[PDB]
Each structure stands twice: as C-alpha cells, then as structure tokens.
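Listed below are the residues making up each chain.
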Protein chains: 2
Amino acid sequence: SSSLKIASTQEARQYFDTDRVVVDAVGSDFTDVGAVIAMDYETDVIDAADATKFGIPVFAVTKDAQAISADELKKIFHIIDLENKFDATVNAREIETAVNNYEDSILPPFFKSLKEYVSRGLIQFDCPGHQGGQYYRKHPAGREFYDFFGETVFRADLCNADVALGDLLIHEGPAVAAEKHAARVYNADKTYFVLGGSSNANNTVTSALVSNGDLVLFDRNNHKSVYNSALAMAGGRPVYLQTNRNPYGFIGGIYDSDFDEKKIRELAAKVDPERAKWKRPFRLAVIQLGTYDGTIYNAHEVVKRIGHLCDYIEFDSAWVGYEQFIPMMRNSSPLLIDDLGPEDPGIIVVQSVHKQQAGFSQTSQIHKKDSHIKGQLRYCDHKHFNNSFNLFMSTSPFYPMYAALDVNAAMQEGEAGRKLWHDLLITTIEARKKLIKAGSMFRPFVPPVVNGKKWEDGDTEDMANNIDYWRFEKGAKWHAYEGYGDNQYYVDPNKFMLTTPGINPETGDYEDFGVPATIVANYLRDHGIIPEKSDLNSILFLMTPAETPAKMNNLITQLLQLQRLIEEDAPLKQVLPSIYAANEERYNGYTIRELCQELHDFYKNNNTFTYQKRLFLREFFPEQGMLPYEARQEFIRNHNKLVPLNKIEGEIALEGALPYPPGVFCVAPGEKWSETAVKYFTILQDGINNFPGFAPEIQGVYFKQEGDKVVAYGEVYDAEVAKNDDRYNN
Amino acid sequence: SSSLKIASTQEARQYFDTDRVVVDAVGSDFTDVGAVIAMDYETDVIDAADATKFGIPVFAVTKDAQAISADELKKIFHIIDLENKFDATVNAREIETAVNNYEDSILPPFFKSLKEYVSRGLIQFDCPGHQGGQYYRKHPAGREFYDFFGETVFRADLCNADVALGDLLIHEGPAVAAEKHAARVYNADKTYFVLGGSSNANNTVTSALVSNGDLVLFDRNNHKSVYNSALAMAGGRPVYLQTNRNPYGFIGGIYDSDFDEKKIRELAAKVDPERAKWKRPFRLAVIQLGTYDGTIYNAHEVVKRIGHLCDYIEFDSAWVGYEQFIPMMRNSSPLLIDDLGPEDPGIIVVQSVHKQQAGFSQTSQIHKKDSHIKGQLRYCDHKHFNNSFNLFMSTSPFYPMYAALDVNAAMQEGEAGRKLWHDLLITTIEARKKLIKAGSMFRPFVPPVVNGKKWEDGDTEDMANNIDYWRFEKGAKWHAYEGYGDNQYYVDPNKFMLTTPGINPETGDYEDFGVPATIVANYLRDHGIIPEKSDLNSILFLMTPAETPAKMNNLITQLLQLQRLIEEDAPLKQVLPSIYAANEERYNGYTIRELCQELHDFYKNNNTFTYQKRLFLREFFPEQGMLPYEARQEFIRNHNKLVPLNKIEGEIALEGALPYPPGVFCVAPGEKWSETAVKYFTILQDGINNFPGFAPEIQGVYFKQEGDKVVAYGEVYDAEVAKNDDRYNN
Ligand SMILES: *Cc1c(COP(=O)(O)O)cnc(C)c1O
Ligand SMILES: *Cc1c(COP(=O)(O)O)cnc(C)c1O
C-alpha cells in the first residue's frame, strides 16, 4: 500500500498487522482500498468488495476455516487464522504483497511510470523552463497560480530529456506501451494518442490519406475540422449526403436513401472517370458516428452499404466512444466489426476523450483498424500515418495530459469499467421518469410508448439493456425525422436532452406559446448549473459516470422551480435577474410570459425550422462556385471583400457560415451564398437586434455596428481585386 | 486577503487587527504577502518589502509620525498610530482594503476570472465529460490519478458552456482580455494564445500568409515545424541560406554574407520573374532568432538587411522570449524595433512559452506586429490570421493551460519581472566562475578573455549588464564560427552550455583523448540531474529564474565528482552502473578511459565534425529533385520504397532526415540523398552498432534488424510504382 489504504471491519482490525498503512472501516466505495480484511461471517462486506468488480483481494479472518463454505471461498483471496500467532508476520507480508500487486495491476503503463519518475525528486535542468513550477513561485502572480493548481501538476510537467517515460512521438517505452494498451482495450490495430483535440486528430487522418484532387464522400453534418482538413486543406472533392433535420432543429443522421450504390455514383458527378470507372471512387468517406443531438448510427449497416466505395472510412465519433462498452449499443461500434475482409474498407475512429469519456480537454485518440487490407496499394501504413501525426502533434506534448488518456483506457477496461457505465443508465433512466411523472414541461426526447406501456413505465433495469427504448422507429409520430429507416438509428442515452414547449408533435408546426430553451439555459446558469447547449426548443446535458442521483435531482429542483414560475407569470426581473439588470430598458416591466411569447413569435412568424431543414437537404445546398481548396487560396491571397448580409446573396464565400443552431457550416468555403442561408442568417441577425442578452452564436460572419443595429458581413470572392493583381496572372 | 497572508514584525503584531488572515514574520520572500506591517524603525523590513519591486503596501506603526523622514515616507503606504485606539477599526479596514487591491492588481485577467469561476462550485453538466474529475474518482485508477494531481486541476477544466471566462476562439471577454495584456506586455499588435506548441503556432503563421507556389526565404536551421508547414504544406518554394557550424557541431546563425540583396536575388534562381522583377520576391522569410545552441541574432540588423525583400518576417523564437527583458539583450528583440515604416516588413514572433519562459508544455504565443503596413494589399489582417489560428487551434482548449500563458505575461511585466531575470544572471555568472576556477574539464562556452582580464575575473554585476562578455567577435580563436560578422551575434546567457575534452581550440582539430558528452549526460541522469541535451562534445542546461544557487552548486558537485573519476580511471561499472548492467558483455572490465578513448576515436577517425559543416553549407546542400509540396503528395500516394542507407545515395527522400546532432533536417522532402548526408548518417548508424547504450536519436530513417547489426532505411520516391499506378496518369 504505497498510497492505497486498507479497509478492515472492527472485528478484523485486531487480527492483522499491516499497521504500516491507513486502515478504515467498510461503508467504503472501495476506490482507495488495496486489500479488504473482514471476518468470514461478515458476508456482506465480502460481497460489497466483490460487486464493485474491482479485483481487491479479500482476506477472511476465521476461527474455523474448515467451516467456510466453498461458495464463500470463491469470493476471498486468503484466509487468516485468528487463533495462530506464529503466522502474524507472514500474514502481514501476505497482505502487503497483495496490496502491492493489486496496485501494480490497476495502473496503466504510462501513468505508473510518470508517477514513479516524480517520486524520485530529480533535479530538472531540462525544459519546461519553469522546472518544477519553481519559476512560478518566485513571483506573486506565479505563486497564486502555483498554489492554485498545486506542486504536482508542475512536477510532473516533463519533456523529451526525461527518457525513462519514453518517446511519445516515435512511440517508445512507456509512451508506446500505453498506446498499445489503448489498442487492446479498444479492439483496434493502433491507437495514436492525440493531445491537440479531435480537431487536430482529423487533421492527421485526412492529411495522411487524402491526396490533392481525391474524392471525399462527405457527411454534411461534419464538424468544421473535417471540412477544413479534408477539403479546404488536403484539397479533396466532397460529394455530400443530405441530412435529416426536424421541427426541433435537431441534428439527425444521413438519409436512409442517400446510402444507395447507384445513387452515390451518379451523385459523384464530380469526376466521371474517378466514379464511372472505379470499384472505390472515394479515397475516404468521413461520417459522424454520433451527432451532438443524440442520433447514433449503426456502424454495422454503413460499412456494409458503402464500404466497397471507399478505401478507408473515418468515423468521427467525438460525441461517443462508450457505445462499445454498453451492451445494447454494440451495433453502433465500428471497432466491434470483427469479420473484415480484404474487400471492405480500412476503418478509422476519431474520438475526443475529453468530451464524454475520461480526459482533460484537448485529449483524443485515433483508432486505426486497417490490417484487413494490409496487403493493398491503397493500404496506409504507420510510417505514413505517423508522418501526419507528426505534422500536428507538438514536439512537446503536455505529459500529465497524456497520462489522462492512459487512465481513461484502464477505466473503460474490464467488467468494472463496463459496470460503471451501466450504473449511469440506471440513474439517468430514473431522473427522466421523475421529470415525466412530476409533470415537467421540459421532456426527455424519448419514445412516448414502447411495448404497449409508456416509456416511463418500463423496468429501468430492462431499459438499461433494452435498445427498444432508445430507437428512432421508421415513421415517427414523435421524433419528426423524415428520412430514416429500420434499425438504422438509435437515441444516445448519455445525452440527457429535453425539449421545450412551443413545437407541436402530431402537427409538427409551432404552437401558440413556446418557451425558448435559452430562457431555460440562462435560468439554470443563474442557479449554479451549467447546461452544455441550448438551441431554440431544446436544452442538452452531457452524461458520464460522474453523475450522481443528488446531482440529477439537483437539476430537477431547478427545472421544477423554473416551471412553477413560468406558469405563475412572475416578473422577468426575478426569473432572469442579470439579463433584466443589463437590458433593464428593453425588458422593462416584462413578465416571463411576455418574453416567451415575444421570442416565440419571432421564429414562428419567421418560419424558422423550415429553413434549418433545407440547409442540409440536397435539393437546397448552395452552389459550388469554387472548389474548397481554391476558395481558400483566393482568401489567403486577399482576393476578397466584405459583402453585407442582405446583398450577399449568390456571392462566393471564402469562409464557412457557422450559425447556432446547428453549429455546422451552412455555406462551405467556395460555395456561393444561397437564398436559404441568407434568410436563416437574417432570422438570427435580426434576432440579435431584438433580443439583447439572447443573441445566437455565429461564425464566419462579422457584425459591423450600423447605428442602432449591428450588421453581419462575410468575406466573399472579389474577382476584380483578384483580376487586377499582377502577382498572379502569368 | 483572500488567499494572501500578511507579514508583520513581532512589534507591529500587537498594533493591528486584520486578524482575519494568516500573519507571519518577516524573513519572507514576500510572495504570498498582500500587506507588510512593521515599526517605522524597522527600516530593513520596509526595504526588503521594497526591493522585491512587487508593490506590496507597507504600513509603518509609529508613536511619533511627525518624526518619520521624508525618505522613509516614500517607501510606505499608510501610517499606523499605535497611540490611537479609535482608529483600530479604520486601521483594519485600510489593511484589508489594501491587501484586496494589491491582489486585484497583480492577477492577470483570465487567471483571475477562472479562479473566481471555480470559487462558485457550479454544478457542471457540460463537457469535459469527467465533470469536476468526478468520473475519475469512481474508478481505482481514475482515483490514483485524481489524488495524484488533486481536485482543482480538474475543477477548473472547463469548456465553451462556461461563457463567463469568455470565448477563446473568436476572442471575447476574459480570453481576449488576457491576450490584449500579453500584447501590451510584449509590445506587439496582437498576441494569439496557442495551446498546441510553437509547432502548431508555425502552422498558423505560414498557413495564413504563404499561398501555393509562393517564395519562402528559408533559414536552413529551421525546425521541422517550419519546413513542413511553409514548404511541404503551404507548398512554398524555399531559397535557403547556409549556416555556420563548428568543431563542436554547434548550431550557429546565418552566414554574415548570405545577407546580401544582390546575392539573395541571384540566389533566388527559383522564379526569375518573382525575383528579377519584384521589390519583395518573398511572401515570408522564416528565420531562427535564437538557436538551441546559444547563438542569438541582432533582430535589428536582419530586418534592415533583408526586410524590403519580404512581405512579412517570421522570427521563430522558441528558444528565447526573454531578450526583450534583459537590458544588454535589446538588439536581439524584434518587437522592440519601434520605427517601422510602410516600406519595411510586418514582423511576427513565435515563442514557446513553455521552453524558457513560464508555461505548461504546449503553450506558445504568436506576436503579430504588422500595423505599419496595415494599408497594403500585402497586409494580412486578423480575419485572415484568425482563420489560420482556427485551422489548428482546438475547439476545446485546455483552460488551465491558457491561464499559464496569462500568468506568464504578468510575471514578465514590470520592474519586478525584469528583476527576476537579472538575479538569474548573477547566479549563473557565479556558477560558471566556480566551475572555471575549480578546474573543471567541462567549460562554459564563453569568451576566454574580455577587456584584458579573463572572463571569470570580471565584476559579475557588470557581466550581467555588459554584452561585451556575451558575444561572438568577428574572427574567433575560441568559438570557431567562421562566417559571422560584427555585432551580429551574441551568446545567449540562459543556455548554460559546457563543452567536453576532445576538441582542440587553437588548432580546431580533435585531440587525442576526449570525453563524449553522452558519458556525462548519462552520469548526470544516474545522479538525479536531468540535462536538456548532450551532443558529441557539449552538454546543455536550460536556465530560468527557477534556478537557485543550491541547485547550481548541486550540478557542480556532480560535475567535479565525474571528473575526479575520469582522471582516476575508475571502472566503467561504477561510473555508469546501468549502462554496464545491460551491456555487461560488450563493456566488460572497461575503465571510463577505455570507453572515452574508444568513443573518441570513432568520430575522430570518422572525421565527424567536417561532415556536420557541409550539411548546412550551401556548396553542399542536397539536390532538389522534387519540390517539397510534391514529394509529400508522392508519399501520400504511396509512390515510394525503402532504400537502405548504403545504397540510397542520390535517391529522392519523401521525408526529412532528422539526426542528432543537430536535430534539424539534413535532407528535406524531395531532396535527393546527398553523399555528405549518407556518410554522416553512416557514422551515426555504425555508432549505434558499436556503442549500445549510447545510440544517437534519428528520425526519417528506419532501422531494420539485419542479423547482428540494425540497418537504416529511408522512404524514397519510386517512379516505377508511381509510373504504373493507373489512379493518376490521365
Ligand atoms: C468536438 C468535435 C471535433 C473537434 O475536436 P475537439 O476534440 O473538441 O478539439 C471534431 N469532430 C466532432 C464530431 C466533434 O464533436
Ligand atoms: C520547440 C521549437 C518548435 C516546436 O514547438 P513546440 O513549442 O516545442 O511544440 C518550433 N520552432 C523552434 C525554433 C523550436 O525550438
């Protein structure tokens, strides 16, 4: 027991002697216990130690060992004979050796090395220049920071000259040791540890595979990181697949139909020989496994329906990663597709370990699963893939940030790991029942009825393993998703999503009254609860085993409290203190209902959710005036100008239009501004200039303050400036 | 005093009452003190409090205030009349208000906000998914990690849904607030906080300015990050400038001559019109301000000699940043070039804040100083420069890592900051004197004689402000640098460098006996001291105000101890325990002198340092067979094969050859393997296969295990594979 303590029951106490460490009772969560020591009859302690699925060695003290039943013997490690004092020293050695092996076995390779390295108190003259955080504590501000985070995070901040922790770049020693454990845990062929966010992780993927002018099959929901890297950077040629959207504006998956061999090819107008010739016209297809709004794909049906058309497939799964550890979710896992022939695509998975797994912000993994085509000329080897990695991977990775990727792997590994997640479904499934039965107006976006009974009337333990309760059925009265098919999509259970009053189910039109989600997000924040995101008529909360019932019931106290107030038409001053404070003029003497109604009508009258649909509907994509790689260059060269929003229609944008919702590009670079877009943006822009303290987050557009109102402006192609620029012509 | 304590003298104790906080004597370093309280006659305490240049408010308790001299009054903030009890409460209020303002004034904007945000205990449902590190503590390995780094580093790990700390991407609120303070502190026009290492910082710079086929003036010493981003990535065309090297193999600056307008242009053979036409044929010139081995440029003579030939200039100053804060070093600072006309180049500075400043690994800044040409078509605005920023900046920066860039700015700011650095010159200058006077065989790479007397016989305080003692004179008996000129280059004082026995000064040839620096690096590490790097006959130690005399004398204890043993020909077992252990066979019965001599002869007989020169000498650059952007594409497309080292001469490399020393590319991508290179690498390769436990670090080359020896192999162009690949031809 180096750091680990020892859990003993009061009776067992007097009978063991590894009194070198910290002993403590059992009502423990057993997470800092290296050995458990109890009396044989104290069977519930042996059971508690057991269920955790942790593997803590249990020692049962007896006075009649021959009497312990086989069954209990299947739960313990060693027996301690209380009536024998000659064994007192071997007893202590056994316990100590046990604790030490327990620990030596739970810690991942890199973390264990780093931890031991720091235990040496080496005199560092290498870089970081802060060396031990000792530069920091010499200055008063440096000292506040040093005492704020603590001496350790600095002590363990090391670099390349600390060879005992290996080489993280070309992967050697503990650095690669840990990456290989990640592989074993995730069922991949190589895991690359990325410390620059899945943003830079994608940059590695695309920049390794895609060559200039190569055909990229594009999921239209893709994060800016894919657009820019695969298309604008690598110079690939996208061939988009339209997306399902709905009255709530929710980001859905790809149109069931868009998955047609025949269609895709025609749809591959782009390079007729590339397409109308090849077995696989696409170098890569990049698809969003799980979207921000809870739609998870059946990785199994995609690889089958489009694998032959692409050399590799990148599943950008930043919003997931855990579906491989939740039984009912196995179909969604692409790394659990064990039967890949030489004919199907090398599969690749990019996941932000910080988002919904255990990791510090900026930590992600790249799982490489492509041995099935290891022969091929299309096959991208490690030398090539590590070349890319090294284009974006810093020459000086933050070490404590690497150990986080390492401890997350062991945390997902084993039944204990998969037990942690199950327990979360039980909590989550209960918080939702509580909200629903409690009468909340904010309702979990889940199937109303399932198996004749209603969703909240199911056995939670059944719902925690029964996918029937988490699936978007083909033809949904409730989800509104139009172009989906069977056993194609499911609802991500760790995306606690709630919808707000304002949108009608059956009818799919708006209602007369609606409670903009923003009013709710703000209320929450004002009461010490930070929501992840809140669109127009929905608010989202991100789940991981960190959740505890108290915390779930903490969110619900506030959700019921905000409702009590909206129905009682309280004063807008009271419900949203701060917004009223700042915008006291504009919101003078308002009631929440005043605002709710007002905001509500804006989008209602503005026919909002109609525009959000077309934006991702193929019969409404903008018009590619310039290829993405091209539009960039023009931008880089300064051949552009700032057309105002209103008269920018049909102008070629040199940057993507990134509004919220949904926060994906709406006009890719090189695409010429569409009538749709322009209008959606105008609803937003005017919404900004009408509801101060409620303005939607936009990107790729700039707001010039035009007297009373502010005004959007975008960087557009200027063929004239370009035209007359003698730097390029000849 | 929120966290800040209070330093009072025993006499002053009984006279003040802000007994709400922690009070403590004065023998303080004053770094956790918000107010200092003493008796008027205790003048040395008021002085100690003063010299720190911290700005701590001093309160002087008196019994005859009319008697305190003017001079002392210029040192105190407020007077405390001990003989007045009615003022007891206003006295306490004053002290408390004082401490609170002191603090509110020392903390940078972002740190202060993050710190206050965490003080609220908000219930986080946003991402990171670990939310508070509470996911981690639920698992035994997660718990070891959670207890290892502590609760705070996790608590303050936030994202976008935590709006109160602003928007770090598009820069708003506390995030931009801090970035602007960095600008004020650094004298730039915009500072961009980069959390992906100067590696990604460079990717931002080049990727914003350089357009495809643009002309890049290339410092041949440039880090892989520049080669790859400006050339291999942006597809720029380099025009190299040869580099000064020496018998120690040390990375020097650019050849004084290479800086000739006429030469540069001819030298610009590349695109005759681009050159033999334009005022500025170059879009960018990327130059290494300060190299790994101590040579710092005079930023003032560069901009003057080559500014007109380029639109912008990127000074990759990752090995520096502090020369702007050291008086004698101002010439080297580019941001302290205040007189920039519309005619001269927008100046940009990239610095790794973690390297030799105060920051966590992966932290760097990009200083944008280009307002002087803000009119121009060549002028790269923020919208364009933030576009690049956002290509590599993660959509989820690690926040604690951002506050590090923030506290580093305040730490450099003010006389207190510039006082911290000076003090370091005084320690460092004294450690070297000690080594030299003590008779060490490892000698600081400094001018032997200066001002008639010898270097270690100067007034240290004079040497800490006198550049004469840190400069490579034109024609040096001692530095061996050949192509340098006057007041062109200086020796970086915060790069504690020592050379080893083995190379002859006067003669510039090897000696008969030599002590490979690796022997020393290894000894050191074996005794709890981590050197930053150790080449063939030199070992480097990186300095910052974190150094303390005890630590300096700690290194020296070990340096004298290793010497005592080398002269006494100890057993190789004893001097290098571990190396002997592992390689017990090979080094059996060895004495250190046996190895020293052996290793020594290897490079001697191998004429090593001659090859290292030509490698950066223009009349010995490889032959560009393929432009860098091209060679990559071919690599990406798989048109390649693994030619072994020995028969790889004159083959086109698809990856740079990265040996150590010096750790810069020796064969850029597309360049065909040169005779020089091949040999240099063969010295290394054979050295690996001869001195196990002493193998040089290589990259871009692979070692296939050929029976007894291992073998280097590089990715070379394969025009045939290429030739027959029907995917590209038409
Ligand atoms: C978060 C996100 C990214 C961007 O990566 P970071 O890890 O946040 O730096 C890329 N793809 C998807 C689907 C994402 O949600
Ligand atoms: C360190 C270095 C880099 C690489 O940047 P990191 O900060 O280490 O990620 C780029 N340029 C130079 C001159 C460097 O020394």
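To start, this report covers the structure provided alongside it.

### Here we look at the overall build of chain A
From N to C terminus, chain A includes 27 helices and 27 strands. Radius of gyration (C-alpha) of chain A: 29 Å, near the 27 Å computed for a compact globule of 730 residues. Taking contacts inside chain A between residues at least 6 apart in sequence as the whole, the part at least 24 apart equals 68%. Counting only carbon and sulfur atoms, one obtains 49% of the accessible surface of chain A, whose full area is about 25,400 Å². For chain A, the distance from the average site of its 75 positive side-chain charges to the average site of its 102 negative ones is 4 Å.

### With respect to the environment of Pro622 of chain A
All names here are of chain A. Checked against the element boundaries, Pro622 lands in the loop between α24 (608-614) and β23 (623-624). Separated by 434 residues in sequence, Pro622 and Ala188 place their C-alpha atoms 38 Å apart. Excluding its chain neighbours within four sequence positions, the residues that come into contact with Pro622 are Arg220, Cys666, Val667, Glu671, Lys672 and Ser674.

### Points about the nonpolar core
Formed by 413 residues in total, the largest nonpolar core has its most connected members in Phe145, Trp673 and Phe681 of chain A together with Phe145, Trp673 and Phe681 of chain B. Sequence-distant contacts of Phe145 of chain B, defined by excluding residues within four places in its chain, comprise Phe111, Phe360, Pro400, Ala403, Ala404 and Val407 of chain A together with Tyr136 and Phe154 of chain B. The next biggest cluster of nonpolar side chains, apart from the first, holds 31 residues, and it includes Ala49, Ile76, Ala98 and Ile106 of chain A.

### With respect to the relation of the copies chain A and chain B
With an axial shift of 0.0 Å and an RMSD of 0.1 Å, the rotation relating chain A to chain B amounts to 180 degrees. Classification of the inter-copy transformation places it as that of a two-fold axis. It is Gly196 of chain A whose C-alpha, among those of chain A, lies nearest the rotation axis, at 3.0 Å. Here 99% of the interface residues in chain A have copies in chain B that are interface residues too; the copies meet face to matching face.

### Details of unusual backbone geometry
A cis amide bond links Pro661 of chain A with the next residue in sequence, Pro662 of chain A, at an omega value of 0 degrees. Locating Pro662 of chain A in the fold gives a position in the loop between β24 (640-644) and β25 (671-672). Residue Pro128 of chain B is reached from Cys127 of chain B by a cis peptide bond, and omega for that bond is 0 degrees. As for its position among the elements, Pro128 of chain B is in the loop between β6 (123-124) and α6 (140-149). The phi torsion at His171 of chain B lies on the positive side, around 60 degrees, for a residue other than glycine. Structurally, the position occupied by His171 of chain B is in the loop between α7 (151-155) and α8 (174-186). Accessibility expressed as a relative area gives 7% for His171 of chain B, which makes it buried. A positive phi angle is found at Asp569 of chain B, which is not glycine, with a value near 45 degrees. Here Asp569 of chain B is to be found in the loop between α20 (549-567) and α21 (572-575).

### Looking at the site of ligand 1
As a matter of local geometry, ligand 1 sits amid 16 residues, with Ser198, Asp316, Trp319 and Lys355 of chain A together with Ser394 of chain B nearest to it. Near ligand 1, the surrounding residues belong to chains A and B. Contact distances for ligand 1 include 3.0 Å between an oxygen atom and a backbone N or O atom of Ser199 of chain A. Protein chains bury 97% of the 380 Å² of accessible surface belonging to ligand 1 in isolation. If you list the elements that add at least two residues to the shell around ligand 1, you get α9 (197-209) and α14 (353-356) of chain A. Considering each element in turn, the shell around ligand 1 owes the most residues, 4 residues, to α9 of chain A. Looking at the shell around ligand 1, its residues break down into 2 nonpolar, 12 polar and 2 charged.

### Details of the sheet that holds strand β1 (residues 5-8) of chain A
Residue and element names in this part refer to chain A. Ordered by their spatial adjacency, 5 strands build an open sheet running β2-β1-β3-β4-β5, and the pairing between neighbours is parallel. Looking at strand neighbours, the two that pair on one side only are β2 (23-24) and β5 (78-81), the edges of this open sheet. Here strand β3 (residues 33-39) runs beside strand β4 (residues 58-62); their pairing, made up of 4 bridges, is parallel. Looking at the pairing, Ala38 lines up with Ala60 of β4. Running at roughly 160 degrees to β3, helix α2 (residues 43-51) makes contact with β3 and β4 of the sheet.

### Some details on the environment of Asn537 of chain A
All names here are of chain A. Note on placement: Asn537 falls in the loop between β21 (533-534) and β22 (538-542). Judged by its relative accessible area of 10%, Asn537 falls in the buried class. Separated by 22 residues in the primary sequence, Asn537 and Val515 have C-alpha atoms spaced 7.1 Å apart. The residues touching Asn537, leaving out its near neighbours within four places in the chain, are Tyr248, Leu498, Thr499, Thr500, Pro501, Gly502, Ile503, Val515 and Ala517. A distance of 3.0 Å separates a polar atom in the side chain of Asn537 from the backbone oxygen of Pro501.

### Re the side chain of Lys551 of chain B
If you trace the backbone, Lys551 of chain B turns up in helix α20. Assessed through its relative accessible area of 13%, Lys551 of chain B is described here as buried. Polar contacts involving the side chain of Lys551 of chain B include one to the main-chain carbonyl oxygen of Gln124 of chain A, which spans 3.0 Å. Ignoring sequence-local partners within four residues, the contact set of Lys551 of chain B consists of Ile123, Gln124, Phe125 and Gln131 of chain A.

### A look at the interface of chain A and chain B
Contacts between the two partners involve 140 residues from chain A, matched on the other side by 139 residues from chain B. Overall, the association of chain A and chain B removes approximately 12,200 Å² of surface from exposure, summing both partners, and the carbon and sulfur fraction of that is 57%. For chain A, the biggest contributors to the area lost against chain B are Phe125, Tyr135 and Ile530 of chain A; these three give 8% of the whole. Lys115 of chain A is the salt-bridge partner of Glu144 of chain B, the closest N and O atoms lying 2.9 Å from each other. Counting across the chain A and chain B interface gives 68 residue pairs in polar contact. Note that strand β20 (residues 529-530) of chain A and β6 of chain B share 2 bridges and pair parallel. By the bridge assignment, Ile529 of chain A is partnered in β6 of chain B with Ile123 of chain B.

### Here we look at the site of ligand 2
In the region of ligand 2, 16 residues are neighbours, and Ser394 of chain A together with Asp316, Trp319, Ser352 and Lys355 of chain B sit closest. With respect to ligand 2, the chains having nearby residues are chains A and B. Here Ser199 of chain B contributes a backbone N or O atom positioned 3.1 Å from an oxygen atom of ligand 2. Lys355 of chain B places a polar side-chain atom, nitrogen or oxygen, 2.6 Å from an oxygen atom of ligand 2.

### Comments concerning the packing of aromatic side chains
Residue and element names in this part refer to chain A. Taken as a whole and judged by the stated rule, the model has 98 aromatic pairs over all chains. Their ring planes at 20 degrees and their centres at 5.5 Å tell us that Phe472 and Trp478 sit as a pair that is stacked. One residue, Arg245, lies across the ring of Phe616, its end atom 4.1 Å from the ring centre. Of note, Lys704 hangs over the ring of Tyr713, and the distance from its end group to the ring centre comes to 4.0 Å.

### Some remarks on the pairing of strand β10 (residues 282-288) of chain B
Residue and element names in this part refer to chain B. Most of β10 is tucked away, with 7 of its 7 residues classed as buried. Note that strand β8 (residues 215-219) and β10 share 3 bridges and pair parallel. Bridge assignment links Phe218 to a residue of β10, and that residue is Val286. Note that β10 and strand β12 (residues 310-316) share 6 bridges and pair parallel. Paired with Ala285 across the two strands is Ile313, which belongs to β12.

### Quick look at helix α19 (residues 517-526) of chain B
Burial runs high along α19 of chain B: 8 of the 10 residues are buried. Looking at α19 of chain B, one finds that the buried residues are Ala517, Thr518, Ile519, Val520, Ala521, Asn522, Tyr523 and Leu524 of chain B.

What counts, and where the lines are drawn
Residues numbered from 1 in each chain as written, not as in the entry; some residues may be left out. Chains lettered and ligands numbered in written order. Heavy atoms only, no water. Helix = DSSP H or I, 4+ residues; strand = E, 2+ residues; numbered from the N terminus. Rg over C-alpha atoms; globule rule 2.2 N^0.38 Å. Contact = heavy atoms within 4.5 Å. Areas by Shrake-Rupley, 256 points an atom, 1.4 Å probe, with all protein chains shown as cover. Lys, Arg positive; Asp, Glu negative; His and termini not counted. Charge placed at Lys NZ, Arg CZ, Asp CG, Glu CD. Core = buried A, V, L, I, M, F, W, Y, C linked by side-chain atoms within 4.5 Å. Buried < 20%, exposed > 50% of the residue type's maximum accessible area, 1.4 Å probe, protein only. Least-squares fit on C-alpha atoms. Near = heavy atom within 4 Å. Polar contact = N/O pair within 3.5 Å; in protein donor to acceptor, adjacent residues only side chain to side chain. Nonpolar A, V, L, I, M, F, W, Y, C, P; charged D, E, K, R; others polar. Pairing = 2+ DSSP bridges. Axes fitted to C-alpha atoms, helices over the stretch in contact; angles between N-to-C directions. Buried area = accessible area lost by both parts, 1.4 Å probe. Salt bridge = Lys/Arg side-chain N within 4 Å of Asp/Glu carboxyl O. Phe/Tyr/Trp six-rings, centres within 6.5 Å; stacked < 30°, edge-to-face > 60°. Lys NZ or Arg CZ within 6 Å of the ring centre and 35° of its normal.

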